[PDB]
file query-v4.txt (compact mmCIF, C-alpha atoms and all ligand atoms)
# COMPACT_ATOMS: atom_id res chain seq x y z
CA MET A 1 -16.63 -4.83 10.09
CA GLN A 2 -13.68 -6.55 8.43
CA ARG A 3 -10.83 -8.92 9.33
CA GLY A 4 -8.03 -6.40 8.68
CA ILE A 5 -6.50 -7.00 5.26
CA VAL A 6 -3.22 -5.12 4.61
CA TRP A 7 -1.33 -5.56 1.32
CA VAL A 8 2.28 -4.33 0.89
CA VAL A 9 4.74 -4.16 -2.03
CA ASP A 10 8.46 -3.55 -1.50
CA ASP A 11 11.23 -6.18 -1.78
CA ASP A 12 8.71 -8.77 -0.47
CA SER A 13 10.67 -11.58 1.26
CA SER A 14 12.45 -9.08 3.56
CA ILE A 15 9.77 -6.37 4.07
CA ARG A 16 7.06 -9.06 4.13
CA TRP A 17 8.45 -11.36 6.86
CA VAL A 18 8.80 -8.31 9.16
CA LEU A 19 5.38 -6.87 8.19
CA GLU A 20 3.51 -10.19 7.82
CA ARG A 21 4.68 -11.14 11.32
CA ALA A 22 4.30 -7.72 12.99
CA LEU A 23 1.02 -6.66 11.32
CA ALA A 24 -0.54 -10.09 11.99
CA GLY A 25 -0.05 -9.47 15.73
CA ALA A 26 -2.46 -6.52 15.62
CA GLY A 27 -5.10 -8.81 14.06
CA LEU A 28 -4.84 -8.28 10.30
CA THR A 29 -3.99 -10.38 7.23
CA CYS A 30 -0.74 -8.91 5.85
CA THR A 31 0.55 -9.94 2.39
CA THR A 32 3.23 -8.72 -0.06
CA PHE A 33 3.84 -8.66 -3.83
CA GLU A 34 6.60 -7.86 -6.42
CA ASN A 35 6.20 -4.03 -6.50
CA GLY A 36 2.63 -3.04 -7.44
CA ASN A 37 1.42 -4.71 -10.66
CA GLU A 38 1.00 -8.14 -9.03
CA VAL A 39 -1.32 -6.41 -6.55
CA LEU A 40 -3.27 -4.97 -9.52
CA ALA A 41 -3.78 -8.62 -10.57
CA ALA A 42 -4.54 -10.17 -7.15
CA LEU A 43 -6.69 -7.13 -6.26
CA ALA A 44 -8.92 -8.17 -9.19
CA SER A 45 -10.35 -10.90 -6.91
CA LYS A 46 -10.06 -9.15 -3.49
CA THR A 47 -9.85 -5.62 -2.04
CA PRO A 48 -7.76 -5.09 1.16
CA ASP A 49 -8.68 -2.59 3.90
CA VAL A 50 -5.23 -0.97 3.46
CA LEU A 51 -2.47 -1.26 0.80
CA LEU A 52 1.20 -0.17 0.48
CA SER A 53 3.30 -0.01 -2.75
CA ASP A 54 6.86 1.02 -3.80
CA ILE A 55 7.65 3.63 -6.46
CA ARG A 56 10.65 2.63 -8.62
CA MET A 57 9.92 0.59 -11.78
CA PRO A 58 6.57 1.35 -13.55
CA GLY A 59 6.64 3.72 -16.55
CA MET A 60 5.82 6.51 -14.08
CA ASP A 61 8.48 5.65 -11.44
CA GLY A 62 5.90 4.34 -8.96
CA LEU A 63 2.82 6.57 -8.76
CA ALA A 64 1.88 4.89 -12.07
CA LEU A 65 0.63 2.01 -9.87
CA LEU A 66 -1.94 4.37 -8.33
CA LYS A 67 -3.03 5.23 -11.89
CA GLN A 68 -3.71 1.49 -12.30
CA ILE A 69 -5.27 0.95 -8.84
CA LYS A 70 -7.85 3.69 -9.41
CA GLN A 71 -8.76 1.96 -12.72
CA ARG A 72 -9.99 -1.28 -11.11
CA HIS A 73 -10.41 -0.14 -7.50
CA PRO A 74 -12.87 2.79 -7.03
CA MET A 75 -11.61 3.79 -3.55
CA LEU A 76 -8.66 1.69 -2.37
CA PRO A 77 -6.40 3.05 0.45
CA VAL A 78 -2.96 2.84 -1.19
CA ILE A 79 0.17 4.10 0.59
CA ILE A 80 3.56 4.59 -1.08
CA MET A 81 7.05 4.12 0.40
CA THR A 82 8.52 7.14 -1.47
CA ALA A 83 7.82 10.25 -3.54
CA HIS A 84 10.76 11.12 -5.84
CA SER A 85 9.20 12.18 -9.18
CA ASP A 86 5.80 12.55 -10.93
CA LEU A 87 4.19 13.89 -7.72
CA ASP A 88 1.09 14.84 -9.76
CA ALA A 89 0.24 11.12 -9.85
CA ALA A 90 0.30 11.17 -6.02
CA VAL A 91 -2.21 14.04 -5.89
CA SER A 92 -4.48 12.03 -8.22
CA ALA A 93 -4.05 9.04 -5.86
CA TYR A 94 -5.70 10.96 -3.00
CA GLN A 95 -8.52 11.81 -5.44
CA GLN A 96 -9.36 8.10 -5.98
CA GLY A 97 -8.87 7.05 -2.35
CA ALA A 98 -5.15 6.80 -1.57
CA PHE A 99 -3.98 7.34 2.02
CA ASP A 100 -0.67 9.23 1.75
CA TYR A 101 2.96 9.22 0.54
CA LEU A 102 5.52 8.11 3.16
CA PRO A 103 9.38 8.20 2.80
CA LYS A 104 11.44 5.00 2.14
CA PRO A 105 11.49 4.28 5.95
CA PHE A 106 9.12 1.33 6.34
CA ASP A 107 10.25 -1.81 8.21
CA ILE A 108 7.57 -1.80 10.97
CA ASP A 109 7.63 1.28 13.23
CA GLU A 110 7.06 3.65 10.28
CA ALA A 111 4.99 1.20 8.19
CA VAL A 112 2.74 0.11 11.09
CA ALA A 113 2.57 3.50 12.85
CA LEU A 114 1.01 4.67 9.57
CA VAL A 115 -1.16 1.67 8.57
CA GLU A 116 -2.87 1.76 12.00
CA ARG A 117 -3.89 5.44 11.93
CA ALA A 118 -4.92 4.82 8.29
CA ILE A 119 -7.60 2.30 9.35
CA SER A 120 -8.24 4.23 12.59
CA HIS A 121 -8.99 7.38 10.52
CA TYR A 122 -11.34 5.27 8.34
CA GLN A 123 -13.06 3.08 11.00
CA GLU A 124 -15.69 5.11 12.88
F1 LIG B 201 10.62 3.11 -4.90
BE1 LIG B 201 10.68 2.68 -3.48
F2 LIG B 201 10.27 3.79 -2.60
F3 LIG B 201 12.07 2.29 -3.14
call {"tool": "encode", "arguments": {"input": "query-v4.txt", "output": "structure tokens", "more": "lines below"}}
Ligand code: BEF
result
Amino acid sequence: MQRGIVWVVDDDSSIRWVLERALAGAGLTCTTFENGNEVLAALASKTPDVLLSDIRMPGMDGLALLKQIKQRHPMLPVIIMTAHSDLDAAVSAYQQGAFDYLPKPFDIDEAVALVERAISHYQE
């Protein structure tokens, strides 16, 4: 039993406002960060029920973030907004406890329609 904690990383100010407001309606604490590293820092003192991160900056495009997540977070449900290169890092993400790899489409319909089933498929 948790109080729904969803963490996202993409743009922030724009994606956040939409997600922080929409996700909160369902009954979960939604928060955003720079792209993924910040989360790796904040995550050090708190693990969210579900997490979302971009994939265009880290040495390994984006999946690199997963490589970091799985270093401090044994099994953290991390979802990505895109899968352009280094797909092998994505496969390794599922191995540690990553949800899936979704296309750039995020806003709310796509982002939420996925985050929900994510927790739904985990809460039994
Ligand atoms: F790298 Be993100 F998907 F724009």
call {"tool": "residues_near_ligand", "arguments": {"input": "query-v4.txt", "ligand": "ligand LIG 201 (chain B)", "cutoff": "8 Å", "atoms": "only C-alpha atoms and all ligand atoms", "output": "mmCIF file with C-alpha atoms, in the coordinates of the input"}}
result
data_model
loop_
_atom_site.group_PDB
_atom_site.id
_atom_site.type_symbol
_atom_site.label_atom_id
_atom_site.label_comp_id
_atom_site.auth_asym_id
_atom_site.auth_seq_id
_atom_site.Cartn_x
_atom_site.Cartn_y
_atom_site.Cartn_z
ATOM 1 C CA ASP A 10 8.460 -3.550 -1.500
ATOM 2 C CA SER A 53 3.300 -0.010 -2.750
ATOM 3 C CA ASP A 54 6.860 1.020 -3.800
ATOM 4 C CA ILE A 55 7.650 3.630 -6.460
ATOM 5 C CA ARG A 56 10.650 2.630 -8.620
ATOM 6 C CA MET A 57 9.920 0.590 -11.780
ATOM 7 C CA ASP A 61 8.480 5.650 -11.440
ATOM 8 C CA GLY A 62 5.900 4.340 -8.960
ATOM 9 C CA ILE A 80 3.560 4.590 -1.080
ATOM 10 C CA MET A 81 7.050 4.120 0.400
ATOM 11 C CA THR A 82 8.520 7.140 -1.470
ATOM 12 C CA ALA A 83 7.820 10.250 -3.540
ATOM 13 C CA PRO A 103 9.380 8.200 2.800
ATOM 14 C CA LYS A 104 11.440 5.000 2.140
#
call {"tool": "residues_around", "arguments": {"input": "query-v4.txt", "residues": "residue 100 (chain A)", "least_positions_apart": "6", "cutoff": "12 Å", "atoms": "all atoms listed in the file", "output": "ChimeraX atom specification"}}
result
/A:50-53,63,66,76-83,87,89-94,111,114-115,117-118
call {"tool": "atom_distance", "arguments": {"input": "query-v4.txt", "atom1": "CA of residue 119 (chain A)", "atom2": "CA of residue 96 (chain A)"}}
result
16.5 Å
call {"tool": "atom_distance", "arguments": {"input": "query-v4.txt", "atom1": "CA of residue 75 (chain A)", "atom2": "CA of residue 97 (chain A)"}}
result
4.4 Å
call {"tool": "atom_distance", "arguments": {"input": "query-v4.txt", "atom1": "CA of residue 59 (chain A)", "atom2": "CA of residue 33 (chain A)"}}
result
18.0 Å
call {"tool": "closest_residue", "arguments": {"input": "query-v4.txt", "among": "A:86, A:124, A:110, A:38", "to": "residue 60 (chain A)", "atoms": "only C-alpha atoms"}}
result
A:86
call {"tool": "closest_residue", "arguments": {"input": "query-v4.txt", "among": "A:26, A:72, A:106, A:85", "to": "residue 11 (chain A)", "atoms": "only C-alpha atoms"}}
result
A:106
call {"tool": "closest_residue", "arguments": {"input": "query-v4.txt", "among": "A:65, A:16, A:109, A:99", "to": "residue 121 (chain A)", "atoms": "all atoms listed in the file"}}
result
A:99
call {"tool": "closest_residue", "arguments": {"input": "query-v4.txt", "among": "A:5, A:15, A:69, A:98", "to": "residue 28 (chain A)", "atoms": "all atoms listed in the file"}}
result
A:5
call {"tool": "closest_residue", "arguments": {"input": "query-v4.txt", "among": "A:48, A:113, A:34, A:107", "to": "residue 21 (chain A)", "atoms": "all atoms listed in the file"}}
result
A:107
call {"tool": "closest_residue", "arguments": {"input": "query-v4.txt", "among": "A:23, A:14, A:2, A:31", "to": "residue 43 (chain A)", "atoms": "all atoms listed in the file"}}
result
A:31
call {"tool": "decode", "arguments": {"input": "query-v4.txt", "residues": "region 52-66 of chain A", "atoms": "N, CA, C and O atoms", "output": "PDB file, in the first residue's frame"}}
result
ATOM      1  N   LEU A  52       9.444   7.858 -15.137  1.00  0.00           N
ATOM      2  CA  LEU A  52       9.562   8.088 -16.584  1.00  0.00           C
ATOM      3  C   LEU A  52      10.774   8.983 -16.881  1.00  0.00           C
ATOM      4  O   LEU A  52      10.985   9.961 -16.174  1.00  0.00           O
ATOM      5  N   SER A  53      11.568   8.642 -17.908  1.00  0.00           N
ATOM      6  CA  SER A  53      12.768   9.436 -18.260  1.00  0.00           C
ATOM      7  C   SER A  53      12.988   9.549 -19.778  1.00  0.00           C
ATOM      8  O   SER A  53      12.708   8.607 -20.520  1.00  0.00           O
ATOM      9  N   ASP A  54      13.519  10.701 -20.220  1.00  0.00           N
ATOM     10  CA  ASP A  54      13.812  10.945 -21.644  1.00  0.00           C
ATOM     11  C   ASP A  54      14.974  10.056 -22.120  1.00  0.00           C
ATOM     12  O   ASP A  54      15.363   9.099 -21.433  1.00  0.00           O
ATOM     13  N   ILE A  55      15.504  10.338 -23.304  1.00  0.00           N
ATOM     14  CA  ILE A  55      16.576   9.535 -23.863  1.00  0.00           C
ATOM     15  C   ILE A  55      17.399  10.312 -24.911  1.00  0.00           C
ATOM     16  O   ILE A  55      17.607   9.843 -26.028  1.00  0.00           O
ATOM     17  N   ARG A  56      17.870  11.506 -24.561  1.00  0.00           N
ATOM     18  CA  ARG A  56      18.648  12.301 -25.513  1.00  0.00           C
ATOM     19  C   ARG A  56      19.626  13.266 -24.818  1.00  0.00           C
ATOM     20  O   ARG A  56      19.407  14.480 -24.779  1.00  0.00           O
ATOM     21  N   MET A  57      20.719  12.726 -24.279  1.00  0.00           N
ATOM     22  CA  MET A  57      21.727  13.551 -23.596  1.00  0.00           C
ATOM     23  C   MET A  57      22.868  12.708 -23.019  1.00  0.00           C
ATOM     24  O   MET A  57      24.026  12.880 -23.405  1.00  0.00           O
ATOM     25  N   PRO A  58      22.558  11.790 -22.077  1.00  0.00           N
ATOM     26  CA  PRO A  58      23.568  10.927 -21.451  1.00  0.00           C
ATOM     27  C   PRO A  58      24.483  10.255 -22.479  1.00  0.00           C
ATOM     28  O   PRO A  58      24.085  10.036 -23.620  1.00  0.00           O
ATOM     29  N   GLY A  59      25.713   9.921 -22.059  1.00  0.00           N
ATOM     30  CA  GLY A  59      26.677   9.264 -22.951  1.00  0.00           C
ATOM     31  C   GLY A  59      26.045   8.224 -23.867  1.00  0.00           C
ATOM     32  O   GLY A  59      26.451   8.077 -25.016  1.00  0.00           O
ATOM     33  N   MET A  60      25.044   7.511 -23.354  1.00  0.00           N
ATOM     34  CA  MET A  60      24.340   6.489 -24.125  1.00  0.00           C
ATOM     35  C   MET A  60      22.945   6.974 -24.542  1.00  0.00           C
ATOM     36  O   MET A  60      21.942   6.320 -24.242  1.00  0.00           O
ATOM     37  N   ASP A  61      22.894   8.126 -25.228  1.00  0.00           N
ATOM     38  CA  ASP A  61      21.629   8.713 -25.692  1.00  0.00           C
ATOM     39  C   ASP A  61      20.661   8.970 -24.525  1.00  0.00           C
ATOM     40  O   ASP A  61      20.476  10.109 -24.092  1.00  0.00           O
ATOM     41  N   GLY A  62      20.064   7.895 -24.019  1.00  0.00           N
ATOM     42  CA  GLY A  62      19.129   7.986 -22.905  1.00  0.00           C
ATOM     43  C   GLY A  62      19.152   6.759 -22.025  1.00  0.00           C
ATOM     44  O   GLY A  62      19.267   6.864 -20.801  1.00  0.00           O
ATOM     45  N   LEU A  63      19.051   5.585 -22.655  1.00  0.00           N
ATOM     46  CA  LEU A  63      19.070   4.305 -21.937  1.00  0.00           C
ATOM     47  C   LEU A  63      20.158   4.292 -20.858  1.00  0.00           C
ATOM     48  O   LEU A  63      20.011   3.624 -19.832  1.00  0.00           O
ATOM     49  N   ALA A  64      21.237   5.059 -21.073  1.00  0.00           N
ATOM     50  CA  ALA A  64      22.317   5.158 -20.091  1.00  0.00           C
ATOM     51  C   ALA A  64      21.743   5.395 -18.688  1.00  0.00           C
ATOM     52  O   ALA A  64      22.234   4.839 -17.704  1.00  0.00           O
ATOM     53  N   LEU A  65      20.677   6.206 -18.612  1.00  0.00           N
ATOM     54  CA  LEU A  65      20.005   6.500 -17.341  1.00  0.00           C
ATOM     55  C   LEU A  65      19.602   5.205 -16.637  1.00  0.00           C
ATOM     56  O   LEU A  65      19.856   5.029 -15.444  1.00  0.00           O
ATOM     57  N   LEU A  66      19.006   4.283 -17.397  1.00  0.00           N
ATOM     58  CA  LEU A  66      18.608   2.982 -16.863  1.00  0.00           C
ATOM     59  C   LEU A  66      19.829   2.276 -16.264  1.00  0.00           C
ATOM     60  O   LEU A  66      19.755   1.694 -15.180  1.00  0.00           O
TER      61      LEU A  66
END
